[PDB]
A.B. asks: 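A single structure is presented below for examination.
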Amino acid sequence: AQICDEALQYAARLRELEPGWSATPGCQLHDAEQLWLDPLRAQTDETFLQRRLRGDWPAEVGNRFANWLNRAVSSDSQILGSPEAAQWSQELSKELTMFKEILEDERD
Amino acid sequence: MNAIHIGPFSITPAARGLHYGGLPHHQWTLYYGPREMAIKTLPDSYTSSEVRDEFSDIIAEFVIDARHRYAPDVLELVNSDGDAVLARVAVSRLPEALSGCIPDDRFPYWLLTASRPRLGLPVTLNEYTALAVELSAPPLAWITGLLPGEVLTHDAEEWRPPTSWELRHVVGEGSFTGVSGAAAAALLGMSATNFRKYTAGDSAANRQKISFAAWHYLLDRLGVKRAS
Amino acid sequence: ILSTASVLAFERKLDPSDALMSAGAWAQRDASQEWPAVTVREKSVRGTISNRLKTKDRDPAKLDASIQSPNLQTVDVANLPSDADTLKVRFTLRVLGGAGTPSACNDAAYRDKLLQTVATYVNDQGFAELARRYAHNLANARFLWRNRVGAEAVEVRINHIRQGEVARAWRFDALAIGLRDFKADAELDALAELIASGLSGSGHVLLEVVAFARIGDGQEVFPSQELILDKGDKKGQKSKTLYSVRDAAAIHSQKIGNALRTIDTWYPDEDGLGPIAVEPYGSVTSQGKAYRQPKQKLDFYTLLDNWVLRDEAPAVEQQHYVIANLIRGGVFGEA
Amino acid sequence: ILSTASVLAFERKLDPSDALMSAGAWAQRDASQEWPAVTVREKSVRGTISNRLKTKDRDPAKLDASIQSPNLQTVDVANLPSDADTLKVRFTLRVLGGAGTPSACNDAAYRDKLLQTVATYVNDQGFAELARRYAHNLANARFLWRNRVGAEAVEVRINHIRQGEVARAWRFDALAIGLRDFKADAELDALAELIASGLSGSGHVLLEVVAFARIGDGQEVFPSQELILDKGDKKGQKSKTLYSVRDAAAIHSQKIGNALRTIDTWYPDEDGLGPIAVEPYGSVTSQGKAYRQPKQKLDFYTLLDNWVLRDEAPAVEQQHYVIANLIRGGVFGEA
DNA sequence: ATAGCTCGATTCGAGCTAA
DNA sequence: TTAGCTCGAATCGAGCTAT
């Protein structure tokens, strides 16, 4: 539960930067998560990107973050073979549940 | 001030001085023999036991690296599957008959290496204990990586007596074993005054060399070699 | 005491090239050398939400909102020209030999024992029955995986190159040769004995395999699929990309060799579904259910270890399968 | 008492260049100076579980779950064009000489005696047997490591480039001069004194070696492989990486020079394997073992001290091994 | 515990004989 | 391999010191 706060605290300090930092040209800029990384780009683009956050309601960034944290767990076959990875997946499912819950009602 | 000698390490000061800020200052240089590890500018108000504490962390990191990179090879005793490690022993040298092996069911006990291309040998418990007795590694066997191979050899014709600096690796207050000269002399059954002649440096009057039997028995008693 | 090596890597035998794709008309196949290559094109698509929901998305308030903004994708496709109805593929296949010799080994006594084990097999049973089923997989266009599932007529041409010029030409018809029956034929035995010549190391074998399939006027062909890094936008996701070597849709070489390996029939489960590829633990990616389980001790490793270490020779019928995996090679031998 | 030197760093002789690979068709190798280079491209693969399991993953539920979660990785692949069947590899080889002189040596007494020992060897016999076996490895496509195991016709052309121009040309058949025996040939002996003059130090010598091989149309070529830092995603794992200099697949210089080093037939073990490279302790990477172990006293280091310190020279075939390792170069002495 | 000294007695190596 | 023997040189113990 402490991981998603500092993840949100990370997105807190991206809100203080330039409104259109992610709108610059670039070959690789992680546009899949750009709907949540830059909330202030909706003010610059009234219809080009404001409705993109409204229409899509990005919640798969948490799925991308879930794949990242899967690299942060110990790669032990004993945990996967036994039920140790079961409740670890149960706590992974629930902790990403209210984490993703914040992102959909960000437009309010 | 004075050059602080901590076992094989020697913190020598700069002959000239400097005034960083307004206070007097000197450059203290840590040495591992002919190897220079650090220069640290320190005041003249510090005592020797405080410059020693200032340079202690680099020495501790050096000792950690030396213990890790010269750790003896570990052998593993496993069942007829190779998944469960029943017993592990650190060895100074591998068994003579090791070949690339994957455990099977026809033998109950297998002696595999800890390296991922696991060499192995089918053994029983009695032969495993014979190999463990013959091949075991002493607790301070990592100090042999910091010593030349011609001072650790058991062949008397190819053996060279260790120098004073190579002797400071295993005996002394700031040595890698931590035993004093009096304790080392008591382990060799000789007087401390004669061992101080072994550990004497730069004093050409009355400086002696250790013998083959004394050196190897000392390495036996300190836990560095020949303690299988 | 002899034991298996820690590393037992084998090189791959019967290595095929990358099968190109060119399009043309039927009965023009005798002059299909300069046929135009199949080029991958681009289509922008959208799709309604059709995947199975998780019982929490089934509310009509948000299910109707799901189809308000359906996902947009940009898919790569491979289609024939309008004035073309025949798909032509071409690749070369070599037969190397030396199945029992590993590229890398650890135990010298185990390597010698494995060589003696495969030496007794060759004299007792030559590289013939495996070579026959390798000829059938060359005969029918199984390497056209889904490019022949509804094809009216498929013809396969197999040539033999010695000094840059064709020596013996083999022509088969794939519709007559089923994917489930491994029969006997005089033309296939001529091909099979050539495979046996390469497998035994007698001589060099280089086969140019050209297959023609009748699909339709301007339909879609199905080449190998690549991977997408997915770093773009959510509208131009580029969810599909097809294999192409030089502006020409093609098939992976391991895709061709996968179908050429589909000779394993003898797995202890029921064989009504058909043959499978010779692999350790007898697995195909289509069903996700592996035959030859280690619990039933009919896998590669249990059969290989018993036949070499314990000298437990199995029947003649499964030892065709342990050598077959030595043909494809592998990285056999764990820590 | 003539103790050995603590540092004995030796410069390496027979320095090869990177072997650039370009492609084309046979019978055009006389004008092969504009052949298109073998390009490095990317393809995606997937595989099944073909490795041994640690007695716990052999459960049918766990094994099938691994098949349901496939390992998708991309690999580096190099292939010939579909209209090209000839692979040429071009590297330059320069012979230096002065093999007895070390770059670093502490004891001046040891350097004088070592130079005296090398000079005593040269007067008894020159670098003739050494260069004969070196030219034999140049005669065959041994440096064309895995592209020769299935070559139908492989041919080399060696040119003596003295003043930037062909002073003397050579043309050999690599399949005829096999990688098993070192016989005698008049044209091979003509090459022998060219390297022998370079090894002796009479004058500057530089060679260019181009090896054409009949591979096949679109077949898989094998350049030298690279290391992967293993930082990206598991789907884009890049499990294989090949060596290229400028959009052209190439072979490492030390990979080429290792094959030219393969002249050691004098190791005490049985000759079922054949010649190996001349490096101390006789290490064979593929077999994971070491011929000329120090226990039976036939490695480089014990022979060197016997020859130099206590003056007991080894056998004449063992003296070839010592000088070949001296030509090979290394960081000798107590490091 | 470090560092080093002197002084007379004991040990030590490499010659040698003696068998 | 046993069984010794000189002869100068290095080592050994036990006295003292110094830091």
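In the text below, chain A, chain B and the rest are named by the order of the sequence lines, each starting its count at 1.
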A.B. asks: Looking at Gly288(C), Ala290(C), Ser103(C), which one has more heavy-atom pairs under 4.5 Å with chain D than the rest?
C.D. replies: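 Of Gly288(C), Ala290(C), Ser103(C), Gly288(C) has the most heavy-atom pairs under 4.5 Å with chain D.
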A.B. asks: Could you tell me which portion of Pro60(D) (side chain, backbone, both or neither) has an atom closer than 4.5 angstrom to a non-hydrogen atom of chain C?
C.D. replies: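 The answer is both parts of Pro60(D).
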A.B. asks: Could you look at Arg41(D) and say if it's the side chain, the backbone, both or neither that has a heavy atom under 4.5 Å from chain C?
C.D. replies: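 Contact with chain C involves the side chain of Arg41(D) alone.
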A.B. asks: Taking the side chain from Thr117(C) and the backbone from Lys113(C), do they hold a donor-acceptor pair closer than 3.5 Å?
C.D. replies: yes
A.B. asks: Measure the acute angle between the ring planes of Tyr267(D) and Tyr291(D), then classify it against the limits of 30° and 60° as parallel, tilted or perpendicular.
C.D. replies: tilted
A.B. asks: What part of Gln68(D) is in contact with chain C, defined as an atom under 4.5 angstrom from a non-hydrogen atom: side chain, backbone, both or neither?
C.D. replies: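 The side chain, not the backbone.
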A.B. asks: Looking only at heavy atoms and a cut-off of under 4.5 Å, which of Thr285(C), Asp299(C), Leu206(C) has the most pairs with chain D?
C.D. replies: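 Result: the option with the highest number of such pairs is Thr285(C).
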A.B. asks: Between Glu226(C) and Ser44(D), is the side-chain hydrogen bond (donor to acceptor under 3.5 Å, both in side chains) condition met? List the steps.
C.D. replies: CA-CA 5 Å; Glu226(C) 293 293 327; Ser44(D) 313; 2.6 Å; yes
A.B. asks: Using the ring of each side chain (for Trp, its six-membered ring), is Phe332(C) parallel, tilted or perpendicular to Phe10(C), with breaks at 30° and 60°?
C.D. replies: tilted
A.B. asks: Considering only heavy atoms, which portion of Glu279(C) lies under 4.5 Å from any heavy atom of chain D: side chain, backbone, both, or neither?
C.D. replies: side chain
A.B. asks: Is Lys235(D) in contact with chain C via its backbone, its side chain, both, or neither, using a 4.5 Å heavy-atom distance?
C.D. replies: backbone
A.B. asks: At a 4.5 Å cut-off on heavy atoms, which part of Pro16(C) comes close to chain D: side chain, backbone, both, or neither?
C.D. replies: backbone
A.B. asks: Pick from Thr74(D), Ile49(D), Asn79(D): which one has the most heavy-atom pairs with chain C under 4.5 Å?
C.D. replies: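 Looking at each option in turn, the highest pair count goes to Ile49(D).
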A.B. asks: Heavy-atom distances under 4.5 Å only: say whether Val95(C) touches chain D with side chain, backbone, both or neither.
C.D. replies: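 It is neither, since no heavy atom gets under 4.5 Å.
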A.B. asks: Among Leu93(C), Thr92(C), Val7(C), single out the residue with the greatest number of heavy-atom pairs under 4.5 Å to chain D.
C.D. replies: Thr92(C)
A.B. asks: Using non-hydrogen atoms only, which part of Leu80(D) is less than 4.5 Å away from chain C: side chain, backbone, both, or neither?
C.D. replies: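 No part of it gets close to chain C.
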A.B. asks: Please identify, among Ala27(D), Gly47(D), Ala153(D), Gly218(D), the residue contributing the most non-hydrogen atom pairs under 4.5 Å to chain C.
C.D. replies: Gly218(D)
A.B. asks: Salt bridge or not between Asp76(C) and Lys238(C)? Use side-chain N to carboxylate O under 4.0 Å.
C.D. replies: yes
A.B. asks: After noting the C-alpha distance and the side-chain angles of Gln254(C) and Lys43(D), does the key distance pass the side-chain hydrogen bond (donor to acceptor under 3.5 Å, both in side chains) rule?
C.D. replies: CA-CA 11 Å; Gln254(C) 83 266 4; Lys43(D) 82 177 185 180; 3.1 Å; yes
A.B. asks: Checking heavy atoms, do the side chain of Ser253(C), its backbone, both or neither come under 4.5 Å from chain D?
C.D. replies: both
A.B. asks: Has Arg292(C) got its NZ or CZ under 6.0 Å from the middle of the six-membered ring of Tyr321(C), at an angle within 45 degrees of the ring axis?
C.D. replies: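 Ring-cation test returns yes.
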A.B. asks: What part of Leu227(C) is in contact with chain D, defined as an atom under 4.5 angstrom from a non-hydrogen atom: side chain, backbone, both or neither?
C.D. replies: both
A.B. asks: Where does the angle between the aromatic ring planes of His252(C) and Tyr243(C) fall among parallel (under 30°), tilted (30 to 60°) and perpendicular (over 60°)?
C.D. replies: tilted
A.B. asks: Counting only heavy atoms closer than 4.5 Å, note whether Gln296(C) contacts chain D via side chain, backbone, both or neither.
C.D. replies: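 Neither the backbone nor the side chain of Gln296(C) comes within 4.5 Å of chain D.
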A.B. asks: If you count heavy-atom pairs under 4.5 Å between each of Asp217(D), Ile67(D), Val284(D) and chain C, which one has the most?
C.D. replies: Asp217(D)
A.B. asks: Counting heavy-atom pairs closer than 4.5 Å to chain C, which one of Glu220(D), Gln73(D), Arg146(D) comes out on top?
C.D. replies: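 That would be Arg146(D).
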A.B. asks: Find the one option among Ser66(D), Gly150(D), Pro70(D), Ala25(D) whose heavy-atom pairs under 4.5 Å with chain C are most numerous.
C.D. replies: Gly150(D)
A.B. asks: Do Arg90(C) and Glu208(C) sit within salt-bridge range, that is, some charged N less than 4.0 Å from a carboxylate O?
C.D. replies: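 Yes, this pair counts.
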A.B. asks: Using side chain to side chain contact (heavy atoms under 4.5 Å, CB included), reason through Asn306(C) and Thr302(C) one step at a time and then give a plain yes or no.
C.D. replies: CA-CA 6 Å; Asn306(C) 292 301; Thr302(C) 54; 4.2 Å; yes
A.B. asks: Establish, for the pair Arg142(D) and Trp145(D), whether the NZ or CZ atom is under 6.0 angstrom from the six-membered ring centre and no further than 45 degrees off its axis.
C.D. replies: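 The answer is no; the distance or angle limit is not met.
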A.B. asks: Would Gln293(C) and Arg58(D) count as having a side-chain donor-acceptor pair, cut-off 3.5 Å?
C.D. replies: no
